[PDB]
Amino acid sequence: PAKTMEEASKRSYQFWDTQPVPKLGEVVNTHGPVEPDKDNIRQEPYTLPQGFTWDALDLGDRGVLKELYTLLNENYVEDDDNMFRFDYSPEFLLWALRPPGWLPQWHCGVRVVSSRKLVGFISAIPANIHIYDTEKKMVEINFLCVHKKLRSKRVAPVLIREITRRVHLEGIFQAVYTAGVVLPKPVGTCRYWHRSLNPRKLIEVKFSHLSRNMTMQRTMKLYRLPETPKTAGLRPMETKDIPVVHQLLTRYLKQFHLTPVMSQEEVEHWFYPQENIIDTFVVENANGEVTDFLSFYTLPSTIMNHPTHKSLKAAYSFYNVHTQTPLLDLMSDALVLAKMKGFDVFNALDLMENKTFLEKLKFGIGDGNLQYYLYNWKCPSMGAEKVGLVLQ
């Protein structure tokens, strides 16, 4: 795999060349499907290597959810230097995998026939996506995982082909997804930035280190935050705020070129606060009207091979809508709330309007690009600031 576009240019994509996506080399000047909708779909699951079987995961069974948690906790995405690994909690996985419209067969697992050991996974959830001037029912693909012992044995193309078939069976022919690797072919490239909240811990674990020109004392002072947020009438989102959060979000996203289109039920699901999953705060002003909101989700990571520090508590910027409060004060209160809640770092991408506040609010640029992709949709690429979609 290639994280850089440099190394990607020097690569051949035996699998991705067979798929309906534009080549890495060409530039796209059209808008529409790479290939037409299929009117007959393969009825049989693709063949797995001998010894392995498909199994749709009922995440409502606490034991099956636990197996999925353990598979991801041990085999999911790591940083470049194999220092950190995502540690999605069981309850988070329920939030991300059972939004409105979710289907059991779209939680696509692979098991060992003898042991029943879950060794592979991929998922789809449905979502209406707005891309330039078109609104399409698509799926979001996420959590593509192959066990470390099964790696490099051609299993990931099978999982991709099998989730495609199951999606095609439901009448859907486009998908959106992200990855840290360069693949054919990104619709846009975003970059993670990080805002230190607990800088001591971040340096001891080598998520960060000191500037040569700054001491630990200075570094702590530079990242010191106030104890309480500054914005008047900031408060956690409540049931009564669902219509207006939906309204503010819908109008705010119209300025970008790749966005979700959410029903009001989807807004409840994605934004209604769940402890250790998703936080949303609204701004109710002096007239009683909600004019702004901020949101971030909770995604800790395992710290591998460390005798003292085992986990890194990370908050991830989600959707932040401003119409009266300045965005920079909105994100300043997000940092304070994340600090108050015990987070060690606050992550945000450079998409939407985030660049206007990243340097001012003392974020440091990360080493990982997040690539955005459409499947079976040909359209021009776009700068990060036009991307208005945040996955988990």
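Whichever C-alpha set is largest while still superposing within 1.5 Å between the two forms counts as the rigid core. Throughout, we count residues from 1 along the sequence that is shown.
Participant: Fit on the core, then compare CA atoms: does 186-194 or 309-317 lie farther from this form in 8 other deposited structures of this protein?
Facilitator: The stretch that sits farther from the shown form in 8 other deposited structures of this protein is 309-317.
Participant: Please compare 373-381 with 5-13 and name the stretch with the higher mean C-alpha B-factor in the deposited structure.
Facilitator: If you average the C-alpha B-factors of 373-381 and of 5-13, the larger mean comes out for 5-13.
Participant: State which stretch shows the higher mean Cα B factor in the entry: 229-237 or 260-268.
Facilitator: According to the entry, 229-237 carries the higher average C-alpha B-factor.
Participant: Taking the Cα B-factors listed in the entry, which of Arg166, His322, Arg98, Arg200 comes out highest?
Facilitator: The record points to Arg200.
Participant: Of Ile129, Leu159, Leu294, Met214, which one's C-alpha B factor is largest in the deposited record?
Facilitator: The listed residue with the largest C-alpha B-factor is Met214.
Participant: Taking the values exactly as deposited, rank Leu328 by C-alpha B-factor within its chain and report the matching third: lowest, middle or highest.
Facilitator: Highest third.
Participant: Place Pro243 in the lowest, middle or highest third of its chain's C-alpha B-factors, as listed in the PDB entry.
Facilitator: As the PDB entry reports it, the C-alpha B-factor of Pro243 lands in the lowest third of its chain.
Participant: Split the chain's modelled residues into thirds by Cα B-factor; is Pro45 in the lowest, middle or highest one?
Facilitator: Lowest third, going by the recorded CA B-factors of the chain.
Participant: Where does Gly171 sit by CA temperature factor within its chain: lowest, middle or highest third?
Facilitator: It falls in the bottom third of the chain.
Participant: Which third of the chain does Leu57 land in by C-alpha B-factor: lowest, middle or highest?
Facilitator: Answer is middle: the recorded C-alpha B-factor places it there.
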